[PDB]
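Undergrad: For reference, this is target_21.txt, and it has compact mmCIF, C-alpha atoms and all ligand atoms.
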```
# COMPACT_ATOMS: atom_id res chain seq x y z
CA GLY G 17 -12.42 -2.47 -38.03
CA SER G 18 -10.61 0.77 -37.19
CA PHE G 19 -9.56 1.98 -33.73
CA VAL G 20 -8.41 5.56 -34.39
CA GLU G 21 -8.20 6.44 -30.66
CA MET G 22 -5.49 3.83 -30.03
CA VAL G 23 -3.40 4.49 -33.16
CA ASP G 24 -0.02 6.13 -32.40
CA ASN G 25 -0.42 5.67 -28.63
CA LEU G 26 3.15 4.38 -28.18
CA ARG G 27 6.26 6.50 -27.69
CA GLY G 28 9.89 5.58 -27.02
CA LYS G 29 13.60 6.05 -27.68
CA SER G 30 15.75 3.80 -29.88
CA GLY G 31 16.66 0.81 -27.68
CA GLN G 32 14.67 1.92 -24.62
CA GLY G 33 11.38 0.13 -25.37
CA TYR G 34 7.89 1.40 -26.18
CA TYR G 35 5.66 2.95 -23.52
CA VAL G 36 1.92 3.72 -23.35
CA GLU G 37 0.07 6.28 -21.21
CA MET G 38 -1.85 4.74 -18.29
CA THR G 39 -4.09 5.96 -15.45
CA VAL G 40 -3.85 4.58 -11.90
CA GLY G 41 -6.07 5.29 -8.87
CA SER G 42 -8.98 7.63 -8.14
CA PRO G 43 -8.64 10.44 -9.07
CA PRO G 44 -6.51 9.40 -12.12
CA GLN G 45 -2.70 9.51 -11.83
CA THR G 46 -1.06 9.62 -15.27
CA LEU G 47 2.04 7.43 -15.77
CA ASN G 48 4.08 6.25 -18.77
CA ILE G 49 4.26 2.45 -18.80
CA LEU G 50 6.47 0.09 -20.82
CA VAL G 51 4.83 -2.39 -23.21
CA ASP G 52 6.40 -5.79 -22.55
CA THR G 53 5.26 -9.14 -23.95
CA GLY G 54 8.20 -10.91 -22.24
CA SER G 55 6.99 -10.35 -18.66
CA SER G 56 3.66 -10.68 -16.82
CA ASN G 57 3.73 -8.13 -13.98
CA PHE G 58 2.15 -4.69 -13.90
CA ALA G 59 4.60 -2.67 -11.78
CA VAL G 60 5.09 1.07 -11.24
CA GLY G 61 7.34 3.54 -9.41
CA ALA G 62 5.86 4.39 -6.00
CA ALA G 63 8.79 6.14 -4.32
CA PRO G 64 10.58 9.36 -5.40
CA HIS G 65 13.55 7.79 -7.23
CA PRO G 66 15.87 10.43 -8.80
CA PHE G 67 15.31 9.14 -12.36
CA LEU G 68 11.50 9.34 -12.21
CA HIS G 69 9.46 12.24 -13.60
CA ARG G 70 6.45 11.02 -11.61
CA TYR G 71 5.45 8.12 -9.34
CA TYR G 72 2.35 6.28 -8.11
CA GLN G 73 1.17 7.90 -4.88
CA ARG G 74 -1.10 5.39 -3.12
CA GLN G 75 -2.17 7.94 -0.47
CA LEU G 76 -3.97 10.00 -3.14
CA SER G 77 -6.10 7.04 -4.29
CA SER G 78 -9.41 6.37 -2.53
CA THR G 79 -9.87 3.16 -4.54
CA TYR G 80 -6.52 1.64 -3.49
CA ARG G 81 -6.69 -1.70 -1.66
CA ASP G 82 -3.64 -3.14 0.12
CA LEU G 83 -2.89 -6.83 -0.50
CA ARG G 84 -0.32 -6.94 2.35
CA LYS G 85 2.20 -8.92 0.29
CA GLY G 86 5.72 -8.37 -1.06
CA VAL G 87 7.03 -9.20 -4.53
CA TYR G 88 10.61 -9.57 -5.82
CA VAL G 89 11.57 -9.48 -9.52
CA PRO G 90 15.25 -9.80 -10.58
CA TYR G 91 16.71 -9.07 -14.04
CA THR G 92 19.95 -9.64 -15.96
CA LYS G 95 16.10 -6.07 -9.90
CA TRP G 96 13.09 -4.42 -8.28
CA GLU G 97 11.13 -5.02 -5.07
CA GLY G 98 7.61 -3.79 -4.32
CA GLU G 99 4.38 -3.93 -2.33
CA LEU G 100 1.28 -5.60 -3.79
CA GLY G 101 -2.17 -4.00 -4.04
CA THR G 102 -5.16 -3.38 -6.32
CA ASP G 103 -6.59 -0.19 -7.83
CA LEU G 104 -8.57 1.19 -10.77
CA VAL G 105 -6.50 1.13 -13.98
CA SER G 106 -7.38 2.52 -17.42
CA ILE G 107 -5.77 3.47 -20.75
CA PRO G 108 -6.71 7.01 -21.96
CA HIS G 109 -5.87 6.18 -25.58
CA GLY G 110 -7.35 2.72 -25.14
CA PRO G 111 -10.84 1.25 -24.58
CA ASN G 112 -13.41 3.27 -22.60
CA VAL G 113 -13.23 0.84 -19.66
CA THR G 114 -11.76 0.66 -16.15
CA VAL G 115 -10.56 -2.46 -14.32
CA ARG G 116 -9.39 -3.38 -10.83
CA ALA G 117 -5.95 -4.81 -11.60
CA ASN G 118 -3.01 -6.00 -9.51
CA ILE G 119 -0.30 -3.38 -9.02
CA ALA G 120 3.24 -3.80 -7.72
CA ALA G 121 4.19 -0.45 -6.20
CA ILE G 122 7.99 -0.45 -6.62
CA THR G 123 9.53 0.88 -3.41
CA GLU G 124 13.11 -0.26 -4.02
CA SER G 125 14.90 -0.95 -7.32
CA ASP G 126 18.46 -1.60 -8.49
CA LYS G 127 19.33 -0.85 -12.14
CA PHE G 128 15.69 -0.91 -13.29
CA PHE G 129 14.86 2.73 -14.04
CA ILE G 130 16.86 4.42 -16.81
CA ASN G 131 18.47 7.81 -16.16
CA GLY G 132 16.94 10.16 -18.73
CA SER G 133 14.01 7.91 -19.65
CA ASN G 134 10.39 9.08 -19.74
CA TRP G 135 8.66 5.93 -18.41
CA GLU G 136 7.70 5.18 -14.80
CA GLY G 137 6.56 1.54 -14.91
CA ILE G 138 6.09 -1.74 -16.77
CA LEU G 139 3.08 -3.57 -18.27
CA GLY G 140 3.69 -7.33 -18.40
CA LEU G 141 1.43 -8.67 -21.16
CA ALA G 142 2.53 -12.33 -21.01
CA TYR G 143 0.70 -15.16 -19.20
CA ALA G 144 0.26 -15.82 -15.46
CA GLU G 145 2.74 -18.74 -15.30
CA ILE G 146 5.76 -16.39 -15.38
CA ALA G 147 4.24 -13.70 -13.13
CA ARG G 148 5.94 -13.11 -9.77
CA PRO G 149 5.75 -14.34 -7.06
CA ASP G 150 3.50 -17.13 -8.40
CA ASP G 151 0.91 -17.81 -11.14
CA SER G 152 -1.91 -16.83 -8.74
CA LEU G 153 -1.29 -13.10 -9.34
CA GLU G 154 -3.56 -12.13 -12.24
CA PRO G 155 -1.74 -10.13 -14.98
CA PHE G 156 -3.32 -6.89 -16.20
CA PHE G 157 -4.69 -8.19 -19.51
CA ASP G 158 -6.28 -11.24 -17.87
CA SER G 159 -8.10 -8.88 -15.47
CA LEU G 160 -9.18 -6.65 -18.37
CA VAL G 161 -10.83 -9.51 -20.28
CA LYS G 162 -12.66 -10.88 -17.21
CA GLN G 163 -14.01 -7.53 -15.99
CA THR G 164 -15.04 -5.98 -19.34
CA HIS G 165 -16.32 -6.92 -22.81
CA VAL G 166 -12.91 -6.29 -24.40
CA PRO G 167 -12.02 -9.27 -26.66
CA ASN G 168 -9.06 -11.41 -25.52
CA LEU G 169 -6.71 -9.98 -28.15
CA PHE G 170 -4.24 -7.14 -28.62
CA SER G 171 -2.03 -6.07 -31.52
CA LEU G 172 1.26 -4.16 -31.78
CA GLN G 173 2.60 -2.02 -34.60
CA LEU G 174 6.10 -0.94 -33.59
CA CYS G 175 7.81 1.62 -35.84
CA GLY G 176 11.42 2.84 -36.13
CA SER G 189 12.57 9.24 -30.57
CA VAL G 190 10.37 6.31 -31.60
CA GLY G 191 6.66 5.58 -32.18
CA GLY G 192 3.98 2.91 -32.60
CA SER G 193 0.46 1.64 -31.92
CA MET G 194 -1.05 -0.83 -29.46
CA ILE G 195 -4.59 -1.79 -30.46
CA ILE G 196 -6.29 -3.30 -27.40
CA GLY G 197 -9.18 -5.68 -28.12
CA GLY G 198 -8.95 -5.81 -31.91
CA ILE G 199 -7.15 -5.35 -35.21
CA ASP G 200 -6.76 -2.07 -37.12
CA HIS G 201 -6.57 -3.06 -40.80
CA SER G 202 -4.84 0.15 -41.92
CA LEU G 203 -1.77 -0.79 -39.85
CA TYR G 204 -0.73 -3.59 -42.22
CA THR G 205 -0.58 -4.56 -45.89
CA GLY G 206 -1.28 -7.99 -47.41
CA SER G 207 -2.44 -10.89 -45.25
CA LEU G 208 -2.11 -12.09 -41.66
CA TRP G 209 -0.38 -15.43 -41.20
CA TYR G 210 -0.77 -17.12 -37.83
CA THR G 211 1.71 -19.25 -35.88
CA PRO G 212 0.41 -21.15 -32.85
CA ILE G 213 1.32 -20.19 -29.29
CA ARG G 214 2.93 -23.43 -28.09
CA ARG G 215 2.38 -22.84 -24.36
CA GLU G 216 0.75 -19.96 -22.45
CA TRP G 217 3.64 -18.61 -20.38
CA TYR G 218 5.86 -16.49 -22.61
CA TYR G 219 4.45 -15.90 -26.09
CA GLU G 220 6.23 -19.03 -27.28
CA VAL G 221 6.46 -19.84 -30.98
CA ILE G 222 8.38 -22.40 -33.08
CA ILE G 223 10.94 -21.37 -35.74
CA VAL G 224 11.17 -24.23 -38.26
CA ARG G 225 13.65 -22.80 -40.81
CA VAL G 226 16.01 -19.83 -41.25
CA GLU G 227 17.15 -18.41 -44.60
CA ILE G 228 19.73 -15.75 -45.49
CA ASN G 229 19.03 -13.98 -48.81
CA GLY G 230 17.46 -17.23 -50.06
CA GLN G 231 20.01 -19.76 -48.82
CA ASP G 232 18.99 -22.10 -46.00
CA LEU G 233 21.32 -22.21 -42.98
CA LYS G 234 21.31 -26.03 -43.25
CA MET G 235 20.89 -26.63 -39.51
CA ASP G 236 18.63 -28.92 -37.47
CA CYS G 237 15.47 -26.97 -36.61
CA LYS G 238 15.89 -27.87 -32.92
CA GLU G 239 18.88 -25.49 -32.85
CA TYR G 240 16.61 -22.50 -33.57
CA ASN G 241 14.31 -23.13 -30.60
CA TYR G 242 16.66 -24.60 -27.97
CA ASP G 243 14.76 -24.33 -24.67
CA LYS G 244 12.20 -21.85 -26.12
CA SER G 245 11.60 -19.26 -28.86
CA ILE G 246 9.58 -16.18 -27.90
CA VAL G 247 8.02 -12.93 -29.13
CA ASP G 248 9.31 -10.10 -26.94
CA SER G 249 8.64 -6.36 -27.23
CA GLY G 250 10.86 -5.91 -24.15
CA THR G 251 13.95 -6.94 -26.10
CA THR G 252 15.55 -4.59 -28.66
CA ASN G 253 17.61 -7.03 -30.74
CA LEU G 254 16.88 -10.19 -32.67
CA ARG G 255 18.53 -12.71 -30.36
CA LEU G 256 19.67 -15.92 -32.05
CA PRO G 257 21.12 -19.00 -30.26
CA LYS G 258 24.94 -19.36 -30.17
CA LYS G 259 25.43 -21.70 -33.17
CA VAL G 260 22.57 -20.11 -35.14
CA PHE G 261 23.92 -16.56 -34.65
CA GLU G 262 27.47 -17.53 -35.67
CA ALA G 263 26.31 -19.10 -38.95
CA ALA G 264 24.12 -16.04 -39.62
CA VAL G 265 26.91 -13.47 -39.19
CA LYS G 266 29.18 -15.64 -41.37
CA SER G 267 26.62 -15.34 -44.20
CA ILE G 268 25.99 -11.60 -43.77
CA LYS G 269 29.76 -10.94 -43.85
CA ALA G 270 30.03 -12.96 -47.07
CA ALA G 271 27.16 -11.07 -48.74
CA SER G 272 28.48 -7.67 -47.63
CA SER G 273 32.22 -8.34 -48.16
CA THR G 274 32.22 -5.39 -50.60
CA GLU G 275 32.82 -2.95 -47.72
CA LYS G 276 35.03 -3.01 -44.61
CA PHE G 277 33.65 -3.64 -41.10
CA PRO G 278 35.50 -3.73 -37.72
CA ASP G 279 35.30 -6.70 -35.31
CA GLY G 280 33.19 -4.80 -32.77
CA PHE G 281 30.43 -4.08 -35.31
CA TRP G 282 29.17 -7.68 -35.55
CA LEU G 283 29.50 -7.93 -31.75
CA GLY G 284 27.19 -4.91 -31.45
CA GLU G 285 29.84 -2.64 -29.92
CA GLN G 286 31.09 -0.24 -32.61
CA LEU G 287 29.17 2.00 -35.02
CA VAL G 288 29.34 2.05 -38.83
CA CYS G 289 28.64 5.30 -40.69
CA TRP G 290 28.11 6.57 -44.23
CA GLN G 291 27.53 9.97 -45.87
CA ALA G 292 23.92 11.20 -45.57
CA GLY G 293 22.09 8.91 -48.04
CA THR G 294 25.10 6.85 -49.16
CA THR G 295 23.99 3.80 -47.14
CA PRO G 296 24.32 0.71 -49.36
CA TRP G 297 21.23 -1.34 -48.47
CA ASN G 298 21.60 -3.64 -51.51
CA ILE G 299 24.85 -5.17 -50.20
CA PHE G 300 23.03 -6.49 -47.10
CA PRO G 301 21.02 -9.74 -47.27
CA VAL G 302 17.42 -10.29 -46.20
CA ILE G 303 16.69 -12.68 -43.32
CA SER G 304 13.74 -15.08 -43.50
CA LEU G 305 12.34 -16.93 -40.48
CA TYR G 306 9.93 -19.80 -41.15
CA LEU G 307 7.30 -20.26 -38.45
CA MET G 308 5.00 -23.20 -37.73
CA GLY G 309 1.63 -22.72 -39.44
CA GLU G 310 -1.95 -23.35 -38.36
CA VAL G 311 -2.36 -26.54 -40.41
CA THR G 312 -0.43 -29.83 -40.17
CA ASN G 313 2.83 -29.72 -42.21
CA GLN G 314 2.07 -26.13 -43.29
CA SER G 315 4.44 -23.25 -42.53
CA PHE G 316 4.93 -19.59 -43.51
CA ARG G 317 7.94 -17.28 -43.67
CA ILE G 318 8.50 -13.75 -42.41
CA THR G 319 11.26 -11.71 -44.08
CA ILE G 320 13.20 -8.76 -42.64
CA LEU G 321 15.29 -6.19 -44.53
CA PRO G 322 18.66 -4.68 -43.48
CA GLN G 323 16.61 -1.61 -42.46
CA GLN G 324 15.15 -3.69 -39.60
CA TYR G 325 18.37 -5.27 -38.29
CA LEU G 326 20.55 -2.18 -38.76
CA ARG G 327 19.37 0.24 -36.07
CA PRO G 328 20.09 3.96 -36.66
CA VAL G 329 22.06 5.70 -33.88
CA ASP G 338 23.84 8.17 -41.38
CA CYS G 339 25.22 5.86 -38.68
CA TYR G 340 24.02 2.34 -37.84
CA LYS G 341 24.47 -0.46 -35.30
CA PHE G 342 24.28 -4.24 -35.85
CA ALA G 343 21.08 -5.27 -34.09
CA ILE G 344 21.50 -9.07 -34.05
CA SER G 345 23.22 -10.77 -31.10
CA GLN G 346 23.65 -14.03 -29.16
CA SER G 347 20.91 -15.37 -26.85
CA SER G 348 21.02 -17.36 -23.60
CA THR G 349 17.90 -19.20 -24.82
CA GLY G 350 16.31 -19.94 -28.23
CA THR G 351 15.30 -17.32 -30.79
CA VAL G 352 14.06 -14.10 -29.18
CA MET G 353 12.04 -12.09 -31.67
CA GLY G 354 12.66 -8.57 -30.36
CA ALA G 355 11.95 -5.05 -31.60
CA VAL G 356 14.12 -5.74 -34.68
CA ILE G 357 11.63 -8.34 -35.94
CA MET G 358 8.48 -6.65 -34.61
CA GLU G 359 9.30 -3.24 -36.18
CA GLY G 360 8.92 -4.82 -39.63
CA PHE G 361 5.57 -6.49 -38.94
CA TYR G 362 2.11 -5.87 -37.56
CA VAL G 363 1.89 -8.48 -34.80
CA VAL G 364 -1.48 -9.79 -33.59
CA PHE G 365 -1.55 -11.42 -30.15
CA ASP G 366 -4.70 -13.50 -30.61
CA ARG G 367 -4.89 -14.83 -27.04
CA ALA G 368 -8.46 -15.99 -27.78
CA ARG G 369 -7.35 -18.57 -30.35
CA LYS G 370 -3.92 -19.35 -28.84
CA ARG G 371 -2.04 -17.99 -31.90
CA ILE G 372 0.11 -15.06 -33.07
CA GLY G 373 -0.49 -13.34 -36.42
CA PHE G 374 2.10 -11.71 -38.68
CA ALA G 375 1.64 -9.22 -41.52
CA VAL G 376 3.80 -6.62 -43.26
CA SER G 377 3.77 -3.41 -41.21
CA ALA G 378 2.46 -0.30 -42.97
CA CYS G 379 5.10 1.76 -41.12
CA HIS G 380 8.14 -0.48 -41.68
CA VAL G 381 11.15 1.27 -43.22
CA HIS G 382 12.01 0.02 -46.71
CA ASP G 383 13.88 1.07 -49.85
CA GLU G 384 12.31 1.12 -53.34
CA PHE G 385 14.08 -2.05 -54.54
CA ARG G 386 13.21 -4.55 -51.77
CA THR G 387 10.40 -4.98 -49.22
CA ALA G 388 9.76 -6.92 -45.99
CA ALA G 389 7.33 -9.80 -46.54
CA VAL G 390 5.01 -12.40 -45.00
CA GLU G 391 4.56 -15.32 -47.43
CA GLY G 392 3.04 -18.81 -47.55
CA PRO G 393 2.06 -21.56 -47.53
CA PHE G 394 5.12 -23.84 -47.45
CA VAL G 395 5.39 -27.57 -46.79
CA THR G 396 7.55 -28.36 -43.77
CA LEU G 397 7.59 -31.90 -42.38
CA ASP G 398 8.23 -32.95 -38.77
CA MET G 399 7.65 -29.41 -37.44
CA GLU G 400 6.72 -30.65 -33.94
CA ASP G 401 10.27 -32.01 -33.57
CA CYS G 402 11.74 -28.47 -33.77
CA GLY G 403 10.44 -27.57 -30.30
CA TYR G 404 12.20 -28.40 -27.02
CA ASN G 405 10.89 -31.14 -24.72
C1 LIG S 501 14.17 -0.36 -21.48
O1 LIG S 501 14.25 -1.73 -21.09
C2 LIG S 501 13.14 -2.53 -21.00
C3 LIG S 501 12.04 -2.33 -21.83
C4 LIG S 501 10.92 -3.16 -21.73
CL1 LIG S 501 9.50 -2.91 -22.79
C5 LIG S 501 10.90 -4.19 -20.79
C6 LIG S 501 12.00 -4.39 -19.95
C7 LIG S 501 11.96 -5.52 -18.95
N1 LIG S 501 11.88 -6.80 -19.64
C8 LIG S 501 11.55 -7.86 -18.69
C9 LIG S 501 11.23 -9.11 -19.52
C10 LIG S 501 12.40 -9.49 -20.42
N2 LIG S 501 12.03 -10.59 -21.29
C11 LIG S 501 12.20 -11.87 -20.97
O2 LIG S 501 12.57 -12.26 -19.87
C12 LIG S 501 11.90 -12.85 -22.08
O3 LIG S 501 12.87 -13.90 -22.14
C13 LIG S 501 14.18 -13.72 -22.54
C14 LIG S 501 14.57 -12.61 -23.30
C15 LIG S 501 15.90 -12.45 -23.69
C16 LIG S 501 16.85 -13.40 -23.32
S1 LIG S 501 18.39 -13.24 -23.75
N3 LIG S 501 19.24 -12.87 -22.45
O4 LIG S 501 18.85 -14.49 -24.29
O5 LIG S 501 18.55 -12.21 -24.73
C17 LIG S 501 16.46 -14.50 -22.56
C18 LIG S 501 15.13 -14.66 -22.17
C19 LIG S 501 14.73 -15.86 -21.35
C20 LIG S 501 12.83 -8.29 -21.25
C21 LIG S 501 13.13 -7.10 -20.34
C22 LIG S 501 13.12 -3.56 -20.06
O6 LIG S 501 14.21 -3.76 -19.23
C23 LIG S 501 14.55 -2.91 -18.13
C24 LIG S 501 13.34 -2.18 -17.55
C25 LIG S 501 15.25 -3.73 -17.04
```
Just give me the structure of the file as structure tokens.

TA:
Amino acid sequence: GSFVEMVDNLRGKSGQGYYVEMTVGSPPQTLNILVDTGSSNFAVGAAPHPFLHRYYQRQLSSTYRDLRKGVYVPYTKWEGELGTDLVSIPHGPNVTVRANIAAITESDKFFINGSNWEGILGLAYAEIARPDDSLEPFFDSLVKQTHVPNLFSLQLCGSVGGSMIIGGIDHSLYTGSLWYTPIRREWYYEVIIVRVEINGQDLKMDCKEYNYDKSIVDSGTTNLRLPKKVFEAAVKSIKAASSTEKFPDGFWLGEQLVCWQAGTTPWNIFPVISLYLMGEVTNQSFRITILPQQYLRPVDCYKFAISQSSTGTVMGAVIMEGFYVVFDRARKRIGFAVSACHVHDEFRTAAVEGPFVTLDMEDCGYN
């Protein structure tokens, strides 16, 4: 129904991810923790790093249990000591669980200078958790140890705000209807993109090109990340549709900034982007549509928030900030609906529409 306690529990800064307040240990130790669907580890600062406001102090927790094991996690790195302790979310469900915690003792280019978060909540599946799949992720522990339903939902909104509804759906956070795409495999939140359209025109590419290796839903990524060939054809079309005004080379690369007079931003010159996702029924698909407001991130000055990806399509904060996303882990599917907080002009709106007939959808995925 409605979970008013959990609404507006997320804070952040443009491009620095969304964090939620969490308690660790007994007595409670408040920490700000990143919300990440692209990783599976629950890890926190445990040593007095210069960038940290606070850190997890294991000596102050009576309910801390040492696992006597080390964990290494590199990025495009941190190193910590494994243990368990009582974890709870103050603006979440009235429950407490004994979850695995990686106390970060040493980190290189992990913590951000000036940021207000002290850790990371990996919400993805065990298979990509470090060191191996035997380390239970937070959410898996939560479901086993309480009567919280195996489901969470995210409403990310363009300092920055949002809502994470743990264990249910808040129906005021979206308009229209939820359309579900299946989770292909339980590691990352993997989905299949079956068609891409720019302002109505199909990109006329093989659907395997959209999902090369894997396509994922990731709150830990800021941009919409398209594969090499897919991204290049997309920019080509956006340039064509917005050839009315001048743009430097670095803009489309994501380097330079484009500005207008306060309220002179021409949204109409920019095309909409539509991603078609595999549906619940055989040969059935549905499309999700994003406005320029989603893929042009404010920094009125803006920045081009679509870039190249080392994998398939990565549906980052750009996509998610337009939609209310339901991570229905119980039924191995991900739901999409128009976000009630998504930024839109009066003329056009972001949409979730269906059903469409798309044949040979299974072929679009990587083998
Ligand atoms: C403020 O910064 C962060 C905010 C948040 Cl909420 C989380 C993280 C850590 N996340 C760890 C998981 C990672 N997601 C994945 O691995 C998912 O898969 C891909 C994603 C993108 C590409 S690519 N390179 O093609 O775009 C390729 C792949 C395979 C995102 C980052 C943040 O990063 C800092 C702390 C280091």

Undergrad: Find the spatial neighbours of residue G:296, counting all atoms listed in the file, within a cut-off of 10 Å - ignore same-chain residues fewer than 6 positions away - and output them as a PyMOL selection string.

TA: chain G and resi 272+275+290+322

Undergrad: Around ligand LIG 501 (chain S), which protein and nucleic acid residues have at least one atom no more than 6 Å from it, if we count all atoms listed in the file? List them as a PyMOL selection string.

TA: chain G and resi 32-34+50-52+54-55+128+249-251+255+347-349

Undergrad: Of the candidates G:300, G:212, G:312, G:89, which shows the shortest atom-to-atom distance to residue G:273, using only C-alpha atoms?

TA: G:300

Undergrad: Which residue gives the smallest distance to residue G:221 among G:90, G:111, G:328, G:309, with all atoms listed in the file counted?

TA: G:309

Undergrad: With only C-alpha atoms as the basis for distance, which of G:320, G:344, G:223, G:271 is at the shortest distance from residue G:387?

TA: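 So, comparing all the options, the nearest one is G:320.
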
Undergrad: Near residue G:86, within 10 Å and counting all atoms listed in the file, which residues show up once chain neighbours fewer than 2 positions away are dropped, as an MDAnalysis selection string?

TA: chainID G and resid 83:84 88 97:101 120:122 148:149

Undergrad: Would you please work out which residue, of G:319, G:229, G:241, G:274, is nearest to residue G:301 when using all atoms listed in the file?

TA: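 Distance minimum relative to residue G:301 lands on G:229.
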